[PDB]
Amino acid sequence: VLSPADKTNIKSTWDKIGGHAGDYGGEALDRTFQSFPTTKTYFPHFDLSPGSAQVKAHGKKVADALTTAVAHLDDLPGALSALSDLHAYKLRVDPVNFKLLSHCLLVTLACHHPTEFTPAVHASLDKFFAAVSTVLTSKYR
């Protein structure tokens, strides 16, 4: 639902990551693919090697999607309804995989911004990614 403070936390930490955000998409995808190899199956078409330019780009597309979210916290379903139709109807992802990448979204954050990744913030970011996951699985409901 996101208390006002949850949004305060999300808006600040996203400020502090800044121009870095696109690159964290690529790292967080990376960690998902290495940590849970079941996930790579969704990207047959992708070169998945180490320095992959392809994942790089996509991770950036993903962070972009998240930067939009942080600017539209009071209305995600509306702001993120395209990616729902895409992810539910066309990709038919498995809702479990949002649980997984979202963990790898946190793990990247902690790796880079230890000063801002305080438990209260860890809690508000977990809440943020879960909200983004619910919107994108919404068409299953």
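In this text, residue numbers run from 1 along the sequence as written.
Q: If you average the CA temperature factors as listed in the entry, which stretch comes out higher, 123 to 131 or 9 to 17?
A: The stretch with the larger mean CA B-factor is 9 to 17.
Q: On average, are the C-alpha B-factors higher in 100 to 108 or in 54 to 62?
A: Averaging CA B-factors over each stretch, the winner is 54 to 62.
Q: What third of its chain, lowest, middle or highest, does the C-alpha temperature factor of residue 46 fall into?
A: As the PDB entry reports it, the C-alpha B-factor of residue 46 lands in the highest third of its chain.
Q: Taking the entry's C-alpha B-factors for this chain, is residue 40 in the lowest, middle or highest third?
A: It falls in the bottom third of the chain.
Q: For residue 94, does the deposited CA B-factor place it in the lowest, middle or highest third of the chain?
A: Lowest third of the chain for residue 94's C-alpha B-factor.
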